[PDB]
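There are 2 protein chains.
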Amino acid sequence: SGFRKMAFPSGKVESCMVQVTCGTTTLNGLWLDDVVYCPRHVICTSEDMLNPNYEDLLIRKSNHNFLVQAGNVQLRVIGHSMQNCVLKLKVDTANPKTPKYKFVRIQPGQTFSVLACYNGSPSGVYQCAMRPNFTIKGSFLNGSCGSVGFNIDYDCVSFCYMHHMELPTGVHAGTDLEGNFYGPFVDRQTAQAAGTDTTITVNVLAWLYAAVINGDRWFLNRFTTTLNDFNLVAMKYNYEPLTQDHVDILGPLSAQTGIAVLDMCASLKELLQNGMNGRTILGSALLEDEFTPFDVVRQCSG
Amino acid sequence: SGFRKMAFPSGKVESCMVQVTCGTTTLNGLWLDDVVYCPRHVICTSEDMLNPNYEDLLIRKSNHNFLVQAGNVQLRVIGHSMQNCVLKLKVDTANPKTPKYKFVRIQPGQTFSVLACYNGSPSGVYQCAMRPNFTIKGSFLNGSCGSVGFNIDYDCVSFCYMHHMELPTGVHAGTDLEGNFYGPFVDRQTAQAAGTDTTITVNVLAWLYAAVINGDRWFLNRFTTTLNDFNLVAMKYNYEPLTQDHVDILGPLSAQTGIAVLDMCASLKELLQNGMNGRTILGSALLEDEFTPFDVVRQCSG
Ligand SMILES: *C(=N)[C@H](C[C@@H]1CCNC1=O)NC(=O)[C@@H]1[C@@H]2[C@H](CN1C(=O)[C@@H](NC(=O)C(F)(F)F)C(C)(C)C)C2(C)C
Ligand SMILES: *C(=N)[C@H](C[C@@H]1CCNC1=O)NC(=O)[C@@H]1[C@@H]2[C@H](CN1C(=O)[C@@H](NC(=O)C(F)(F)F)C(C)(C)C)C2(C)C
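As they're listed, the protein sequences go chains Z and B.
Counting with full-length UniProt numbering, you get residues 3264 to 3565 for the letters of the first sequence.
Counting with full-length UniProt numbering, you get residues 3264 to 3565 for the letters of the second sequence.
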C-alpha cells in the first residue's frame, strides 16, 4: 500500500546527458546516436536573448564554437543544424549507451519524468503533468535548459520535453525533441502569458480511485450521478468536461475497485459543491489532478 | 525558480538491483562487490512469517537454495550468513558496476530516495523522510522488499534503508544495510504499533525559507520570539522542540534570505495559532515537513 508521486528510474537518460558550451553560455544536451540535441538559445549572449534573430546568430557560429563534453570526454562537433527551437550538433562519436527511444509529442493532461541537470550532470528527478495551458510546474535554476522530460515503457525511452524557459507566473515552458514549443511560447526574453488553466477531471477521478485503493473512503457516498449532470457541475468549478473516452480510460480502475465511474463522479460532485472543509485525501488538503489513470494503475499493480 | 519534491538520479542504484528467490518467495537484493544483501524473510513461506525462528529456518537452507538473478543471468551463491534482519549472500561474481558506496544509519527527520523494485527490476523513484516514529510514507506492494533508500553525494551512494514491511497504519518499516530495524519493529507478521508521530519543526522552517525564496512573503513580519517561547507553542501543536543545533543548521538559508531563524519561528508560531485562512504556500494548503534544510539549499541555490 501507499500512493506517492513517482518518477521513472532515470539511469537510461542519465547516460545520454552531456554539457554544451557556446562562448560563455553553458547548458545541457541530449546525446543519442551521433547527435546532441540542445536549446538553440545556447548561441545567445544575455543581450541577444531580448530579441534574437536565431538565423543570423547561428550563421556567425562554426562547429568549433560549440564545446560538447560527456563526463570528461570532449565530443568533436562536426556538423550543426537548427530545427525549430532545437539545435542539433552532429558529433564524431555515437553514444554507446543510446537506449531504444522515440521522440513523442505528449498531450495536455499527460505526465512525464524530468531529469533536472546542470553542467551536463543529472542532479534530480521528479514527475510533471503537462497542464491544459501547456505549462509545467517544475524546479529549474540557471543552466537547467536542455534537461529532458520522458516516459519509459519497459525498455523504450519516449522523450517528450526539453526545458527552455520560465514564465512570469513561475511556471515552465519547453519544446518537444523536434524543437516545437508546447503552447504559444517563443524563446525570447519577453513577457509571455500562459492561458487560463483548467482542472484535469479524469486525473482527479484516477486519484480518487488511488485514494479508495489505499483505504481513504470517507468521501465515498451511496449516490450515483449521470455524465450530463456531472458536466453541469464541472463547468462551474473550471473542471474539464468528462467524455465517454475519459470514462473508458477509467475502466480498469473502476473494475479493480468495483466502484462505477458514475458512483465516483457523485463523490467528486459532493467534494466540489460542499468543499473539502479542511479534510484530507491521500495526505492532501486539495483535489489533485497531476496523476493519470495509467500512473495510478502502474503504481497499483507494479 | 520552483520547488518540487525531488529524488536523486537512480542510475547508480539500478545497476545494483537483483532478484533473490528462496523456494516460493521472491524479493529484491542489492548487489555490491561480491555480496548480495536482502531481507532475511526471503527464507520464509507465508506460514513461517507468522512466528519465524530465523536461525532454525536458515539452518535448513544451503547456498543452492538461493536463486539470484541479475537481469537474465544467474549469479552463483558460494556463501551465506545472517546479520541481524539482513541476509548476506556471497556470490561468485563481483558487480562490475558497484558504485563507490557506504552504509549509513539515517537520523529521524532526514530524507532519502527510494528506488521501488519488483523481481529485481526498478519501477520508480521517490523521496521519503524518516519520520520521528521511525516509519516512512512510501509506496510498496507485494514483492517490493529489498528495495533500498539512499542519498548520493557526487559519486558516492550512501545506502541507508532496505524495505521489509508495512504497518497497520499503512506506513512502512525497514532496516539499515546492517539489518538493524529503524524503530521498535520486528520482521514477524504480527500486529505492531508505531509510536505517536510528531512534526519535524526544522524541516517546516526550511520549507518556509524555500517559499520565501520563491516569492511567498505574506507570513513574514517584524515579530520575533525566543527559542524557549516558540517551543511552548510547538509542544501544543505536536511539533518537535527547536534546538540551537537546528537553528545553526538553518543558518545558510537564513543568510541567503536575510530572515533570521527566530523571525521565521515567529511566522511559524503565528501560522500554527492563526491558521492559513484559505491561502496556500508552495501549492500546498498544509505545512510540509518532508524537506530538510539541505534539500532546500540543493534546489533554491544549488
Ligand atoms: C535555461 N537554462 C533557462 C531556464 C530558466 C532560468 C530560470 N528558470 C528557468 O526555467 N532559460 C532561460 O533563461 C530563458 C532563455 C531566455 C530567457 N529565459 C527565461 O526563462 C526568462 N523567461 C522569459 O523570458 C519568459 F517569460 F518569456 F518565459 C527568465 C526571465 C530569465 C526566467 C530564453 C532564450 C527564453
Ligand atoms: C515484502 N516484500 C513485503 C512488503 C509489504 C507487502 C505489502 N506492503 C509492503 O510493504 N513485506 C511483508 O509482507 C512483511 C513480511 C511479513 C509480513 N509483512 C508485512 O509487511 C505485513 N505487516 C506486518 O505484519 C506488520 F504490521 F507487522 F508490519 C503485512 C500485513 C503483509 C503488510 C514479514 C516477515 C514482516
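Note that beta-carbon positions come from the ideal geometry of N, C-alpha and C, so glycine has one too.
Can you pull out the residues from the segment 3425-3456 of chain B whose beta carbon lies closer than 7 angstroms to at least one beta carbon of chain Z?
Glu-3429, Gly-3433 and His-3435
Stretch-stretch touch, CB-based, cutoff 8 angstroms, three pairs: the segment 3536-3553 of chain Z with the segment 3347-3356 of chain Z:
no
Using a Cβ-Cβ distance under 8 angstroms, would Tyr-3389(Z) count as near chain B?
yes
Where do the ends of the beta strand (DSSP E) carrying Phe-3448(Z) lie?
Neither: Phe-3448(Z) is in no beta strand (DSSP E) and is coded neither H nor E.
Kindly give me the distance between the Cβ atoms of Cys-3419(B) and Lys-3499(B), rounded to whole angstroms, as I take these residues to be in contact under 8 angstroms.
No, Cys-3419(B) and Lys-3499(B) are not in contact; Cβ-Cβ is about 41 angstroms, not under 8 angstroms.
Proximity below 8 angstroms, CB of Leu-3430(Z) to CB of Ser-3410(Z):
no
Identify which residue in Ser-3384(B), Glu-3277(B) and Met-3269(B) has its Cα closest to the Cα of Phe-3422(B).
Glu-3277(B)
Would the C-beta of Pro-3431(Z) count as close to ligand 1, meaning under 7 angstroms from any of its heavy atoms?
yes
Compute the minimum distance between the beta carbon of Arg-3451(B) and the heavy atoms of ligand 2, and state whether it is under 7 angstroms.
yes
Beta-carbon neighbours of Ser-3421(Z), restricted to chain B and to distances below 8 angstroms
What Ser-3421(Z) touches in chain B: nothing, since even the nearest Cβ is about 16 angstroms away.
Excluding sequence positions up to five away, which residues of its chain have a Cβ less than 6 angstroms from the Cβ of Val-3367(Z)?
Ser-3421 and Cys-3423
Would you verify that the beta carbon of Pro-3359(Z) is, or is not, closer than 8 angstroms to some beta carbon of chain C?
You won't find chain C in this structure, because its protein chains are Z and B.
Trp-3481(Z), DSSP secondary structure in three states:
coil
Measuring only the C-alpha atoms, how far is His-3343(Z) from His-3435(Z)?
27 angstroms
Identify, in the order they occur along the chain, each residue of the same chain with its Cβ nearer than 7 angstroms to the Cβ of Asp-3460(Z), setting aside the five sequence neighbours on each side.
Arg-3394, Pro-3395 and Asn-3396
Ignore the nearest five residues each way along the sequence and tell me which others in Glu-3553(B)'s own chain have a CB closer than 6 angstroms to its CB.
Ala-3392
With a cut-off of 8 angstroms, do at least 3 Cβ pairs link the segment 3314-3322 of chain Z to the segment 3302-3320 of chain B?
no
Verify whether the separation of the beta carbon atoms of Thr-3438(B) and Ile-3476(B) is less than 8 angstroms.
no
Along chain Z, in chain order, which residues have C-beta atoms closer than 7 angstroms to that of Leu-3378(B)?
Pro-3272
Element boundaries [alpha helix (DSSP H), containing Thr-3520(Z)]
3514-3520
Tell me, please, whether the segment 3281-3291 of chain Z touches the segment 3452-3469 of chain B by the rule of three or more beta-carbon pairs shorter than 8 angstroms.
no
Residue-level contact to chain Z via CB, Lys-3365(B), 8 angstroms cutoff
no
For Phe-3271(Z), the first and last residue of its enclosing alpha helix (DSSP H)
Here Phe-3271(Z) belongs to no alpha helix (DSSP H), and DSSP marks it neither H nor E.
Do we get a CB-CB distance below 8 angstroms when we pair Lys-3532(Z) with the residues of chain B?
no
Along chain Z, in chain order, which residues have C-beta atoms closer than 7 angstroms to that of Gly-3401(B)?
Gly-3265 and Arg-3267
Check whether chain Z comes within 8 angstroms of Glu-3277(B), counting only Cβ atoms and requiring the distance to be less than that.
yes
Between which two residues does the alpha helix (DSSP H) containing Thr-3356(Z) stretch?
Per DSSP, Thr-3356(Z) belongs to no alpha helix (DSSP H) and is neither H nor E.
Please determine, among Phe-3557(Z), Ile-3544(Z) and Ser-3564(Z), the residue with the shortest C-alpha to C-alpha distance to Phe-3375(Z).
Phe-3557(Z)
Who are the near neighbours of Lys-3365(B) in its chain, counting only those whose CB is closer than 7 angstroms to its CB and skipping five residues on each side?
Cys-3419 and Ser-3421
Proximity to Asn-3405(Z) [Cα-Cα], best of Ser-3547(B), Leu-3550(B) and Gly-3265(B)
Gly-3265(B)
With respect to the alpha helix (DSSP H) encompassing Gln-3536(Z), which residues constitute its N-terminal and C-terminal limits?
3524-3537
Could you tell me whether the Cβ of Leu-3549(Z) comes closer than 8 angstroms to any Cβ of chain B?
yes
Using a Cβ-Cβ distance cut-off of 8 angstroms, determine whether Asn-3537(Z) contacts chain B.
no
If we ignore side chains and look at the alpha-carbon of each, how far apart do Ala-3270(Z) and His-3509(B) end up?
31 angstroms
Can you confirm whether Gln-3337(Z), when its beta carbon is compared against all beta carbons of chain B, has any partner nearer than 8 angstroms?
no
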